[PDB]
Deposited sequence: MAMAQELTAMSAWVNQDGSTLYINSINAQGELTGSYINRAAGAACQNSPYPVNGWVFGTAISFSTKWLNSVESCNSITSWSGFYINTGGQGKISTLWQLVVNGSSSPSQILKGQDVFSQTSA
């Protein structure tokens, strides 16, 4: 099973990839995200990711701005690792610049499998 390690790649049910680049001694995470969810904006280019790992708990977040496309928004995922196949089961929140109410924060669920 792939575990939560530096240079690990994870794909969700919609085909999006999280790449974890580094996890430091304190568990701080860097990486990048490529969105491929059918019909979504900001697809097919890398967006920087930061976050934390604590054992099997993981959080990661991306700002949807790069040289290719801006979605004026930020997603945060909270989740946990489960295993002979590694997966990360998450809940996510997406907040958009210019929001007026927490009711406008989109929520969903993503399950990522090792690759």
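S.K.: Going from the first residue of the deposited sequence to the last, where are the unmodelled runs?
M.R.: Gaps vs deposited seq, in order: 1 to 3, 87 to 88, 121 to 122.
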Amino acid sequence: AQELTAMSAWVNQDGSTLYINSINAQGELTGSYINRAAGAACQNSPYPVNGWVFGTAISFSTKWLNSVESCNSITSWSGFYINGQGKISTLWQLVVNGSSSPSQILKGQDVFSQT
From here on, numbers count along this sequence of modelled residues.
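S.K.: On mean C-alpha B-factor from the PDB entry, just flag whether 90 to 98 or 11 to 19 is the higher one.
M.R.: Between 11 to 19 and 90 to 98, it is 11 to 19 that shows the higher mean C-alpha B-factor.
S.K.: Using only the Cα atoms and their B-factors as the entry lists them, report which of 64 to 72 and 45 to 53 averages higher.
M.R.: If you average the C-alpha B-factors of 64 to 72 and of 45 to 53, the larger mean comes out for 64 to 72.
S.K.: Where does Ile58 sit by CA temperature factor within its chain: lowest, middle or highest third?
M.R.: Its C-alpha B-factor belongs to the lowest third of this chain's values.
S.K.: Could you place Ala38 in the lowest, middle or highest third of its chain by Cα temperature factor, using the values in the record?
M.R.: Its C-alpha B-factor belongs to the highest third of this chain's values.
S.K.: Please rank the C-alpha B-factors of the chain's modelled residues and tell me whether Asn83 sits in the lowest, middle or highest third.
M.R.: Tercile = highest for this residue's CA B-factor.
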